[PDB]
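Structural overview for review
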Amino acid sequence: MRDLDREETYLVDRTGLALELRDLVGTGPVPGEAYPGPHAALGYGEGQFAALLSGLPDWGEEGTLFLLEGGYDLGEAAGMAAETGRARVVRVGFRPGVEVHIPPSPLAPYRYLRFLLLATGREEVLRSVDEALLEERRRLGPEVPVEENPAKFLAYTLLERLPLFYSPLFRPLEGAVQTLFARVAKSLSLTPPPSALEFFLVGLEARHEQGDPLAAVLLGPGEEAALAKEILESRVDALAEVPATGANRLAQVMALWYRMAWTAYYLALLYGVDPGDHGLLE
Amino acid sequence: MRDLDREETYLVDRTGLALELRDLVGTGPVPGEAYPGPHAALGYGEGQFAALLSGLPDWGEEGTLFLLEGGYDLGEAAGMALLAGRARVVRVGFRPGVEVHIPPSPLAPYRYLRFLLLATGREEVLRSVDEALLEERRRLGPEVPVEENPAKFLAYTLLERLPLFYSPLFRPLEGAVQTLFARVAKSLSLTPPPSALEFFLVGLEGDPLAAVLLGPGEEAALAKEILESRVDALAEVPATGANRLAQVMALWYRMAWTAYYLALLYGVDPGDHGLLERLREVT
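A chain's residues are numbered here from 1, following its sequence as written, a convention that may not match the entry; residues for which no coordinates exist are omitted. Here the convention is simple: chains get letters from A, ligands get numbers from 1, in the order in which they are written. Think of the side-chain values as coming from all heavy atoms in the structure, minus any hydrogens and water.

Going by the header, the method for this PDB entry is X-ray crystallography, and the resolution given is 2.00 Å.

Have a look at this one:
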């Protein structure tokens, strides 16, 4: 078993993802003008989660339509995105043809959301998000020992286990985290279907042993999180309750996301694999 | 290993889900009036998948708003009703206070959808769905041997494996099928995230995985090339039907049957038999 408190363990991080994670807040493009409303947003790859979290309509025939064509969108036909009426189309993505450029990164979702909140007059919400992530990073860096580092601690829980992520406060966070663990930790993880509690209650009855390798990760607060624990504690090998820091829903979602990003990073180190992306052309 | 072609293997099906699966087409409430348009639908639990399949908007200021209260909404349903403007609210679900009743059932999604199509003037679309399911049904019944029954055959492939469902033609289908396998087969399965293909490439290297590609599409073919070398077993499920909506429901129906047979292979009752009663009460 690798030791997250020993320098040697970090040599596999050849692209310095640890640094990017630390400096994430305040990075990414900023709106250089006031886009005409109404505002709409449709995202692909690294821009989908942000588009959803924003709560904006996914289309429009007037005002501004932000097409977040993000990286890691293999086969999602983002370029296919055709009737837009008199709406101004603003392309934000990694491709050379975009109007606002954002290079591909597992952390890009933060940047897309940041750009979007700023373009829709939600700088205040953005402040609470940045505030929440900054308070989180205090305990997440590699210089913070396992006992005081929740991401390192959680990584040891997920080591050699099958993570099951559930985030009642906002279901799509589940997919975003599953994506983080695949892309960064290069590991398999699961998310429940829309009828999650139902899934937890009867999905492990055929073979109770299916729960032996499971690590249920309950992300955030809510009655459903409580009911989920009541159902899963006695049906799975391990269960973690992750607090959602932040003064509001979006801040809480992003704080959970950011902590899981740090967790995926440490899990990659525990498996001794590079947390970074593969070169796609070499 | 239990044999799906031996009669005693079905004794555990106490509530007779095989019969319900067989008679599904044509069951469920029928609208008794011409609901004034425009139409909108918001679904929960057993009604969510159907709401999404209909393609109807999730909210309306005028006309009729169909609230598909299929469970687990923890009071939200009532809230939206309150929030609902000049739109007429029509509650469809299992609680005694609803306007249109649809009792709990793993197969209720079909019944909710049927109601919505009939309520929004889409009788012909419904006919294509029913036609597809009736065609599917011909080779899925218990009397159809394994060598000729796709659901029985697939069940054996999923036995003691962790199925991974991917449905490019309509991503929400994966979640609905994952639900069928938990409620009917009482078994665990998973779905890929929004960026599915990227996931297959880096995240796949518990029981061995069984990739189940649901339906046609270019992304399905790409998915196959990627998963082929990365998973223990891979199945391509063809979708019966003359249009996308019919194909989705046909896939869903064949998976319900598959989940049914998988439960029998594990020797557990595929029916609900009171396991969800308590849960519905506290949610």
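**A few points about the sheet that holds strand β2 (residues 64-70) of chain B**
What links the strands of a sheet is backbone hydrogen bonding, and the strands pair in either a parallel or an antiparallel sense. Residues and elements named next belong to chain B. Reading across from one edge, β1-β2-β3-β4 is the order of the four strands in this open sheet, with parallel pairing throughout. Whereas interior strands pair on both sides, the edge strands pair on one side only; in this sheet they are β1 (39-45) and β4 (100-101). Strands were regarded as paired on the criterion that DSSP finds at least two bridges between them. The way it works is that DSSP assigns letters per residue, a run of H or I at least four long becomes a helix, a run of E at least two long becomes a strand, and they are numbered from the N terminus. When strand β3 (residues 88-93) meets β4, the two strands line up parallel, connected through two bridges. Bridge pairing in β4 links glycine 93 to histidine 101. It only takes one pair of heavy atoms within 4.5 Å for two residues to be counted as in contact. Only the contacting stretch of a helix is used when fitting its axis, a line to C-alpha atoms as for every element, and angles between N-to-C directions run 0 to 180 degrees. Contacts from helix α4 (residues 108-119) reach β1, β2, β3 and β4, with the element oriented near 170° to β2.

**Re the domain arrangement of chain A**
Note: interface size is frequently given as the accessible area lost on complex formation between the parts. All names here are of chain A. An automatic or database domain assignment provides the domain bounds reported here. Domain annotation for chain A reports domain 1 (16-139) and domain 2 (140-272). When each unit is reduced to the centre of its C-alpha atoms, the spacing between domain 1 and domain 2 is 25 Å. Listed as interface residues are 28 residues of domain 1 and, on the opposing side, 28 residues of domain 2. Summing both sides of the interface, domain 1 and domain 2 together bury roughly 2400 Å²; the carbon and sulfur share of this comes to 73%. By buried area we mean how much accessible surface two parts lose on assembly, using a 1.4 Å probe and totalling the loss over both. It is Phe49, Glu136 and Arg139 in domain 1 that bury the most area against domain 2; as a group they hold 28% of the surface buried on that side. For the salt bridge of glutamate 136 with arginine 259, the shortest nitrogen-to-oxygen distance reads 2.7 Å. For the purposes of these results, a polar contact is taken to be a pair of N or O atoms within 3.5 Å, where, inside protein, one atom must be able to donate a hydrogen and its partner to accept one; residues adjacent in sequence count only when each atom of the pair is a side-chain atom. The interface formed by domain 1 and domain 2 holds eight residue pairs in polar contact in total. By salt bridge we mean one thing: a side-chain nitrogen of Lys or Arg within 4 Å of a carboxyl oxygen of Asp or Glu.

**A look at the interface of chain B and chain A**
Each side of the interface is counted separately: chain B has 42 residues, and chain A has 40 residues. When chain B packs against chain A, the two sides together hide about 3400 Å² of surface, and 65% of this comes from carbon and sulfur. It is B:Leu188, B:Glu198 and B:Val202 in chain B that bury the most area against chain A; as a group they hold 19% of the surface buried on that side. Seen at the junction of chain B and chain A, the total is two salt bridges. Joining chain B to chain A, the criterion identifies 12 residue pairs in polar contact. Broken down by secondary-structure element, the contributors of at least two residues to the side of chain B that touches chain A are α7 (172-183), α8 (196-202) and α9 (218-227) of chain B. In the side of chain B that touches chain A, the residues fall into 23 nonpolar, 12 polar and seven charged. When residues are grouped by polarity, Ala, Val, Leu, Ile, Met, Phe, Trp, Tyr, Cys and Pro land in nonpolar, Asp, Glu, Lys and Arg in charged, and all others, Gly among them, in polar.

**Section: the pattern of salt bridges**
All names here are of chain A. In this structure the tally under the stated criterion is 38 salt bridges over all chains. The residue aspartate 3 makes a salt bridge to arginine 6 at a minimum N-O spacing of 4.0 Å. When its relative accessible area of 32% is taken as the criterion, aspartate 3 is described as partly exposed. Type-normalised accessible area, obtained with a 1.4 Å probe on protein chains alone, sets the label of each residue: buried when under 20%, exposed when over 50%, and partly exposed for intermediate values. Overall, the relative accessible area of 52% leaves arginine 6 in the exposed class. Residue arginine 88 is joined to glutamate 33 by a salt bridge in which the shortest nitrogen-to-oxygen separation is 2.7 Å. Look at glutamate 33 and you get partly exposed, because its relative accessible area is 39%.

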